[PDB]
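Same chain, two forms, each on its own as structure tokens: structure 1, then structure 2.
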Structure 1
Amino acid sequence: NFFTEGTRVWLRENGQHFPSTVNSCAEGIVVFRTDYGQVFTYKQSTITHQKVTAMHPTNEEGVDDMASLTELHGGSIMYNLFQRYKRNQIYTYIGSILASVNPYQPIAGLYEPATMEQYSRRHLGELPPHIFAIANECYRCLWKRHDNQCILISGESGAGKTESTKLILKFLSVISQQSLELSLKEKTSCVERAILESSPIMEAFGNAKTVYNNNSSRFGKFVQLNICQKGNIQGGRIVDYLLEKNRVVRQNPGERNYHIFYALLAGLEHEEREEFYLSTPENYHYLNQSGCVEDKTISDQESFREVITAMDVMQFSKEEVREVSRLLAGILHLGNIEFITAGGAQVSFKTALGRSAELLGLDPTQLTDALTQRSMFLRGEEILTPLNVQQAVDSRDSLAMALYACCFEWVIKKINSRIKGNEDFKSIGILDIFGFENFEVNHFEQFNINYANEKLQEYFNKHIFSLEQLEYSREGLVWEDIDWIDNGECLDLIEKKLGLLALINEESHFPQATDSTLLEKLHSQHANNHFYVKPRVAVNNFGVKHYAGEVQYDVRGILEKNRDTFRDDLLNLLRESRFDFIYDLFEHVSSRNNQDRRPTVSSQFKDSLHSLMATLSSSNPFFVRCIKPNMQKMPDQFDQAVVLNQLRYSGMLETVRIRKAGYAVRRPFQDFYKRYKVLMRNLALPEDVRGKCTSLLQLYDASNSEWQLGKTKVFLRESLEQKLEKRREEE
């Protein structure tokens, strides 16, 4: 096991194989330097085989498809991504699955229109791996397959899911324009322009700075593009999931509120700024509590200009844009209302109340009364009761959240109205969720986000491993099952009867229950569950062993957040608005007054995720796995421990194994024969269809290792299908 200076070796250390070089070998000491800059020293006598092994020559600053790898260990997989990342190749295939490592910098030529053009005219595998090749293959599947397609993008907060989604949309929008024979109706619709302009609007209203991402998505998005038989986008539909409405009124230290507030304050002209009584973001409680009002990566004034342009494309009138500006200004002033205790909560600093009442079209005495008192009618006289200061603050904040959430819903409705079109043929759906996040302090918001990420990982495992191997078994293929990391029991802990969501919902329906009584119930029921953590010291927390790591959640605020109560006194007040825009938002809204069962945030979200997964189940999926190379948002900094952790927990190692050994493409015998009949013209074919399929497959892969015949289908590897598709097009 002796290797001379400069020899390339795999060094087994710290539970992995390190790509390394022999630095020195003298006086019975051997020093290895890893490609990651770690230096490991040993007594030469202690080095044996398997501990140190020679590395396979070159093979050669990486491989494009990791199913091509001979060494399948985590060290080999990560080294391939590292070699490629160092030369700005952030994309690697695993069959048709795409790995994307966030470069945290622009890369010359990578997303230029000349590159988009090049990918549109090639087959998957002909060019270097790229998100444009996946978008193109997905698009080609609308004529190669019989179903709708979907692209699902996974990753922690900051991994690159939102950037990936926008790149796919830009590529499809460009390709939609290449389509023939483009009618004047379809050329003048500007529907692709509107679809692309939906992103700056939704990011301004739904994204915010967090520790993991200066542009974190605080809602989930599913974008459906309806494509005609001729290949042109006819229109689309956007579905939003669980906006983080509590961000409007409170943020963690160092975070910001939604981008749009800072854009509005930096972007409005002096006249409109004075009309809405607006000053700097520091002047507003809803924007100043976190201690951060700016970020060097964001020009808030430039974002405002971008939002204005996008809203014009989206057919928001100039008056509608002003109404949205006025509502946001009203919310900012509302947040500055302070209360003192005399009775009874009383408004202290009356200026903010007067400004907010004017901007919201409310009478100031009516707004003061609604925030400081509760009303009830008893056959048939009104009985006014004082609220305390915490109840007045909760009322002020619920008003701010309701205004923002209804305004966001209206914005999404307007986008959907603009991009609405025919659905005559097929669709491509793209899922952009909020990513996995584990902060210093996690609340109900992180619980819901991490649950959605857990659900998406279960969806990835179901398609890549579970349904895939079940199909091989049902078809009678020669196959040895590949084990995978199954997160099913974590979802069972969250979703089953007596599970986390069930207990949270049950406690929410009890008026006397508190976050403290909820925690006692969570601990009592689940202390022995392997996926649940009862903290030894942190008295306000519970933990969940998520697929992406253990997360501790502070229970404080869970019941109030889950109930999501809105006082009928405030709903009645909003309906008094003289500002038609505000009245229109609350005109037909259902009552959510405290009860003395109504859907909760958890019950509606569980239903929305189950409905989403059902939509995705009917489509053919493409998977993109975004990987963060480091936790410092740095370019050219591949932190191997951070990368390896994501590769391992996400099941990338087993994914390479199943894509390498398995057969991801399948067609019934007659379907295969009818599709590729042109490629069989020089073959002496037998009478039976199974024999006809075998003759073509043996011609294109004589090793007989890239395909198998099942009971009803031909099964083949993606590399063989790409080889057959390229030749079919040529003929």
Structure 2
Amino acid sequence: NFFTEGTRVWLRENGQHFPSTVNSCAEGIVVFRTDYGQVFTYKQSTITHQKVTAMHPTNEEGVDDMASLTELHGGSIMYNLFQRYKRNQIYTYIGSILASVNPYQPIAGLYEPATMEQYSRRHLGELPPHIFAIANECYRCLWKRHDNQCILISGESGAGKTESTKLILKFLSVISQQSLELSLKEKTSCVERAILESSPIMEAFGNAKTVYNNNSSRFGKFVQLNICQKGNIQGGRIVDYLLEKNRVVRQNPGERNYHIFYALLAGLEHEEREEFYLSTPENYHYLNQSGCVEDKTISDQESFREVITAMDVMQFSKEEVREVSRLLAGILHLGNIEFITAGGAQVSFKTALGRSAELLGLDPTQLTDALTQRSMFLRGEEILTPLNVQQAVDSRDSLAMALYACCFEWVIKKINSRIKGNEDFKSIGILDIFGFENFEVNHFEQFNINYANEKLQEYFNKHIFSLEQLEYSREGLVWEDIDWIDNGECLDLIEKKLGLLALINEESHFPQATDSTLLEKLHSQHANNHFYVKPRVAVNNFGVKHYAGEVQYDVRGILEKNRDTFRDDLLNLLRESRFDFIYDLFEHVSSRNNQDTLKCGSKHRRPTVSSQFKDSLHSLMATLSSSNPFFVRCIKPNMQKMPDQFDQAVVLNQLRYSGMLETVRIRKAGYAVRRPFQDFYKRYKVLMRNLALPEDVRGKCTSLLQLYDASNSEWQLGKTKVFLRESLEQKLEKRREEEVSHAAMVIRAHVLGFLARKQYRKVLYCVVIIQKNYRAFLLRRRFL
């Protein structure tokens, strides 16, 4: 295990393999210097084979596909990503899986339309790894495979999921046109232009600044693109998941509310600003509480311009844009209502109330009464009871959230209406969820976000490892099982009967229950569950050992957030609005009033945030389960939003918990492509033209595959199917394309020579009949 000075080695320093150089080897002491700047010293006698191993040649300036790596460990995988990151190569393959390291800066030429064109005309692996190559492969599968496709993008908050989604959408829009026919009038009226313009609208209404991302997605998005048999986008559908409606009324320190509020205030012209009684963001409780602020407007002004343009493309009328502006202004003024106690809650100053009532189309005394009093009718006279200041604040904030959430729902309806089209052939679905987030203080919002991330990780494992190896077993392939860290038990803790959501929902249905009684139940039931953490000192918290790390949740607020109560008094008030836009939003809205039995312990219970979210996720995963998936793994290089800063500890953590090592193992050894024997033979028959084939189909498949790999290692025959590596399938698809094209040339040349010969023989015949007739007609006329 002795290595001379200057030797490149992997030093196992119990946790990982470090890329290192032998600094010195004298007096029975060996000193190693890592590429990360660490110096490790040992007695030479203590060094054994791994402790130390030689580093393969150069590894090599990087490898494009990590299945090509010689040394397979976390250290090796990370070093490959690092070397590539250093030269602005942010993309690396693991078979057809894509790793993307956020550069946090523009990389010249990387996403230009000239690059998109280049990727559209090549096969996977012919050019450097790129998100465009994945989008292209996915698109090509609509004619190579019999099913719908989906692209699932994973990663922590700020990893690059949203940017990845926009790049895939841009690429597919471009490829859709290709598939004919152009005109700038077409291209500006375009369904693909409308699909692209959905992003600035949705980001303004659904994204906000958080500690991990200045443009954090505060809702989940599933974009389905319907593609016709001819290859063009017919239309689409966008599905939104759990918008963080509480952000409207409160934010953690240093965060911002939704971008749209700041864009509105920065972007509106003086006249409209004055019409809606709007001033700077500092003047609004719903925008000033976080202390951020910290910006001299300008970026918000550009976002407003971008939104306005997108809304015009989306066919929002100028009045609809003004109506949305009026509602947002109404919400802002609503937040400035202050209360005092004078038996009991009373509105202190009339200005904010008057402005909000005017903008919302409500009578100011009716609004004051609804926020400060509760109504009851008894056989059959009204009994008005005062609310206290906390109840009045909760009413004001519930009203602000209801308005925003309904407006967001309407905006999504409008986008969907614009992009509506036929579903005649197949679809490509793209999933952009809110990423994993672990804040200093986590509340119910983080619990739901992290649950969705956990659910997606389970789908990734089910498809990459579980179902994959089960198929190899059923087909009887020569296969050594690859182990992988399964998060199924964490989802069981969250989802099962008596699980976290079950207990949260059960406590929510009991009016007497508090967050403290809930925590007692959570601790009692799950203290011994491997994935649950009962804190030793933190009396208000419970922890969950998520795939991406242990997260501690403060219970304070869970019941009220899960119940998501909205007073019938407020719903009735909104239906009084003289502003049709507001009335239309609340016209048929279902009641969410606080229930008080009697003896209504009946199995149904009112739907909670948790129950509605669990259902939506389940519905989504069921849709995804029937599509063929492509996986993109986004990696955050650092926690400072910095370019050219690869934090090896930060990166290694993500590679470890996401199971990148095991993923590389199964994509290197496995056979991701498979077709029944006859299907394989019928597809690749063109490639067997020059072969002496046996009578049996298994033999026919073997004949072709043996030419590509005589070792029988890149392909295998199962019970019913031909199994082959993605690289071999790509090699076969490239050759099939070349022969098919050559055959089209042979027939294109033969038919053109038929058409021209037909008409040349026709003209030669038509003339000889007129020449013979004229030779006769003139011979008679000569005789007269």
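Whichever C-alpha set is largest while still superposing within 1.5 Å between the two forms counts as the rigid core. Just so we're on the same page, residue numbers count up from 1 along structure 1's sequence.
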### Task
Please look at 631, 527, 485, 182 and say which one has a C-alpha shift reaching 2 Å or more between structures 1 and 2, core superposed.
182
### Message
Quick check: residue 677 between structures 1 and 2 - does its CA shift reach 2 Å or more after fitting the rigid core?
### Response
no
#### Entry: Flag for residue 31, CA shift 2 Å or larger between structures 1 and 2 after aligning core
yes
### Task
Using a rigid core alignment, state whether the CA of residue 296 is displaced by 2 Å or more between structures 1 and 2.
yes
### Task
Determine, in Å, the CA shift of residue 43 between structures 1 and 2 after the rigid core is used for superposition.
4.4
### Message
Once both forms are fitted on the core, what is the Cα shift for residue 21 between structures 1 and 2 in Å?
### Response
2.4
